[PDB]
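Number of protein chains: 2
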Amino acid sequence: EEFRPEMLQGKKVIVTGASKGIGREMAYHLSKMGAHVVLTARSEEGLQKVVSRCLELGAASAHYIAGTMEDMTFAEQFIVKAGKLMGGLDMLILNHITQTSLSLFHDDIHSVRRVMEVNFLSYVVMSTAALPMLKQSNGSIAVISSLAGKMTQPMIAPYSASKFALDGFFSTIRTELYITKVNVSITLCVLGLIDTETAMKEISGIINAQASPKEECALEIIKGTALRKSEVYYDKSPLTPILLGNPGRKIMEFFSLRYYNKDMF
Amino acid sequence: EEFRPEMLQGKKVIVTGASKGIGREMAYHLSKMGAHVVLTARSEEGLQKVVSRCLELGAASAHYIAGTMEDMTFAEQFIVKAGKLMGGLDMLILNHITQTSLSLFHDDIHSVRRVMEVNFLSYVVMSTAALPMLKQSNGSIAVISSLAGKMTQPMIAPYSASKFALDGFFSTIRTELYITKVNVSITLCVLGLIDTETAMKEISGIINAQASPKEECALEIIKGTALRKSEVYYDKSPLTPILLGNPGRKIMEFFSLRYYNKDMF
Ligand SMILES: NC(=O)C1=CN([C@@H]2O[C@H](COP(=O)(O)OP(=O)(O)OC[C@H]3O[C@@H](n4cnc5c(N)ncnc54)[C@H](OP(=O)(O)O)[C@@H]3O)[C@@H](O)[C@H]2O)C=CC1
Ligand SMILES: NC(=O)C1=CN([C@@H]2O[C@H](COP(=O)(O)OP(=O)(O)OC[C@H]3O[C@@H](n4cnc5c(N)ncnc54)[C@H](OP(=O)(O)O)[C@@H]3O)[C@@H](O)[C@H]2O)C=CC1
Ligand SMILES: C[C@]12C[C@H](O)[C@H]3[C@@H](CCC4=CC(=O)CC[C@@]43C)[C@@H]1CC[C@@H]2C(=O)CO
Ligand SMILES: C[C@]12C[C@H](O)[C@H]3[C@@H](CCC4=CC(=O)CC[C@@]43C)[C@@H]1CC[C@@H]2C(=O)CO
């Protein structure tokens, strides 16, 4: 079947890194469709600007809770507060990411440990906190990733690690949910270069490549999650999903189940 | 190019998780090849019993330094101590891992963090500590991964995560090294089920899969690192390398380079 903006109307949705990037654009879209939405980021002032434009756009609800996702406590406690305000949860969109910049890795061990904590750990934390409600509503999670999470590119080793980490963790959780017959879907969103302020300013002078619209990307992330697709590739080239779709892995993932004890499920 | 045990005579090698399993096996193989070797794990008594057999096997040299790789400080300090102990480094073999069990992910958030620290973080730490020596030696690094580091199967999400993290990071370091003309190689070893005791113990009552012999596996890991191959797949099936090999990714990666500003490296 196809997508209809009426599919998200009245649905309670959580969006991280909603302050400015494509995450912010995602809020605006959820609003125009009329959905309850609690955002989050670090900039309290910024979450404000957006939360109000959400009501305007037509959001059934719109709240914000400031904090850093570098603190696993605030992350788990964010999903709980958020859920309370909406009286349930329908969609969890893990989008935020700690700051990263193009650079040949040298020895920033602490910068790495942070990238993992914020880009990966916090996701696994909130996803856990949100699962119980997500199970109630037969919801779905959208974990935002990059092409660099399916493949390798120089100057972003730590960032890439976290995004690969994501694929490996959630891809497992996804099938682990499916074999246990729990109707909560996981959608890994594989994005190409995007119009956002952060990306453009950070690749300036280092990488010259065409970027795609911060708003269209956002609509696609939402549509795909709503349609409950496993993966969503959004990029300039129609070859990406084919070159990175890894059919071989799909085959092996399939065969491997053959050796498990069905009882254990 | 064809392998020949001579390629390791007089080579200084570090091997983690040498206390048992594939680690201990790689030690023994390095010894028969007359190489200088320093091993690590946590069990002192365990390292002792194996550091002896190594000598008896014909090792040019053999010493041990016990400690937990959960300690980022002990990790980095382990490489320096091990380097002074052998007066240089030729090959770094990152193999150790933290205790892991097959269970559907629930909410073990602290376990996840542990697995990332020991299985992934300590690796970037030791590879960063050891790089300067590896650069002088024009040596190489061997990162032991699993099929679950290229694909996904239920009941090993955190493990699978850290493994994906390794591929994302070292694949990026590898290409970064080549792009900046540094003759240090990175070999990612994609291993299938292997007959070690912790593997057979852990899959008992859950998985049917046939295992492969630890010594043949260990040898092939060495052969590949020595021949400086990017990736090495060792599995009972000849189909695995063509299924998990993911050529489309290699294609993307190549073209990806042609978008950078060549004067950055
Ligand atoms: N734009 C692109 O070209 C591409 C982006 N992506 C992915 O898309 C997603 C969004 O990226 P994008 O919108 O461009 O990035 P932005 O940097 O523009 O947005 C990041 C968001 O995360 C928030 N954030 C940053 N640090 C923290 C923190 N420590 N704790 C909590 N929130 C934080 C920021 O708010 P604040 O700083 O105010 O806290 C902002 O709201 C990411 O997951 C990224 O990997 C993938 C491919 C391409
Ligand atoms: N066997 C298999 O089927 C396969 C294994 N692999 C990979 O092969 C490698 C070896 O696995 P395998 O030999 O079977 O595993 P084992 O459990 O048999 O060996 C693990 C080694 O790591 C050491 N270790 C454990 N905990 C710590 C710690 N906290 N700090 C430092 N060292 C530690 C152990 O010694 P100690 O506890 O005394 O410190 C031991 O010598 C790993 O990278 C694994 O992921 C991949 C595919 C298949
Ligand atoms: C990682 C970033 C987003 C995204 O990941 C970018 C990367 C720059 C290189 C690059 C080229 C692509 O065609 C895929 C996206 C990507 C790999 C970007 C640099 C900083 C930026 C941010 O940190 C968030 O926007
Ligand atoms: C991860 C382990 C090794 C290896 O990774 C195993 C995994 C069990 C599932 C599995 C089946 C395979 O056909 C590929 C190897 C693998 C994915 C194993 C469980 C415990 C064991 C250890 O902890 C180290 O040996």
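Chains as they are written, first to last, in UniProt numbering: chain A, 25 to 289; chain B, 25 to 289.
Ideal placement from N, C-alpha and C gives every residue a C-beta, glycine not left out.
Helix, strand or coil at residue i according to DSSP, with G and I counted as helix
i	result
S55(A)	helix
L113(A)	coil
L128(A)	coil
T97(B)	helix
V208(A)	coil
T40(B)	strand
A83(B)	coil
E226(B)	helix
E68(B)	helix
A233(A)	coil
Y283(B)	coil
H120(B)	coil
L215(A)	strand
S261(A)	coil
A181(A)	helix
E239(B)	helix
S254(A)	coil
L32(A)	coil
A90(B)	coil
Residues that residue i contacts on chain B, provided the C-beta gap is smaller than 9 Å
i	result
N285(A)	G229, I230, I231, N232
residue 4(A)	Absent from the model: residue 4(A). The displayed extent of chain A is 25 to 289, so no value can be given.
Contact test: residue i Cβ vs ligand 4 heavy atom, cutoff 6 Å
i	result
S261(B)	no
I227(B)	yes
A233(B)	yes
Interface partners of residue i on chain B, CB under 7 Å
i	result
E277(A)	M175, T176, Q177
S280(A)	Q177
Cross-chain neighbours of residue i in chain A, by beta carbon under 9 Å
i	result
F27(B)	Simply none; closest approach about 27 Å.
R273(B)	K174, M175, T176, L267, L268, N270
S170(B)	Those within 9 Å of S170(B) in chain A number zero; the least Cβ separation is about 10 Å.
heavy atom of ligand 3 below 6 Å from residue i C-beta
i	result
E200(B)	no
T176(A)	no
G216(A)	yes
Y183(A)	yes
residue 364(B)	Lying outside 25 to 289, the shown extent of chain B, residue 364(B) is not represented and no answer is given.
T40(A)	no
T222(A)	yes
Beta-carbon spacing of residue i, residue j below 7 Å
i	j	result
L32(A)	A59(A)	yes
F144(B)	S186(B)	yes
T40(A)	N119(A)	yes
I168(A)	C213(A)	yes
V37(B)	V74(B)	no
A166(A)	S184(A)	no
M110(B)	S164(B)	no
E25(B)	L251(B)	yes
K247(B)	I218(B)	no
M93(B)	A99(B)	yes
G47(A)	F188(B)	no
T64(B)	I103(B)	no
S135(A)	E226(A)	no
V208(A)	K159(A)	yes
Ligand 1 heavy atom lying under 6 Å from the CB of residue i
i	result
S43(A)	yes
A51(A)	no
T204(A)	no
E244(B)	no
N270(A)	no
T92(A)	yes
Closer than 8 Å at the beta carbon, the chain B residues around residue i
i	result
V214(A)	What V214(A) touches in chain B: nothing, since even the nearest Cβ is about 11 Å away.
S67(A)	Under the 8 Å cutoff, chain B gives no residues; its nearest Cβ is about 26 Å from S67(A).
Closer than 6 Å: residue i CB and nearest ligand 2 heavy atom
i	result
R66(B)	yes
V139(A)	no
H134(B)	no
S170(B)	yes
Residues that residue i contacts on chain A, provided the C-beta gap is smaller than 7 Å
i	result
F98(B)	Correct list: empty, because the minimum Cβ distance to chain A is about 14 Å.
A185(B)	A189, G192, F193
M288(B)	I230
Problem set entry | Residues of the stretch 102-136 of chain B whose Cβ lies closer than 7 Å to any Cβ of chain A, in chain order | Only those residues of the stretch 102-136 of chain B whose C-beta falls short of 7 Å from the nearest C-beta of chain A are listed: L128, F129, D131, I133, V136.
For this session: Determine which residues of the stretch 188-221 of chain B have a Cβ less than 7 Å from any Cβ of chain A, and write them out in chain order.
Result: Residues of the stretch 188-221 of chain B that bring their beta carbon within less than 7 Å of a beta carbon in chain A comprise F188, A189, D191, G192, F193, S195, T196, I197, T199, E200, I203, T204, in sequence order.
Exercise. Which residues, taken in chain order from the stretch 137-166 of chain A, show a beta carbon closer than 8 Å to some beta carbon of chain B?
Worked result: For the stretch 137-166 of chain A, which is checked against every Cβ of chain B, the residues closer than 8 Å are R137, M140, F144, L145, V148, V149, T152.
Problem set entry | Short-range partners of chain B found in the stretch 36-51 of chain A, where Cβ spacing is below 7 Å | So nothing in the stretch comes that close.
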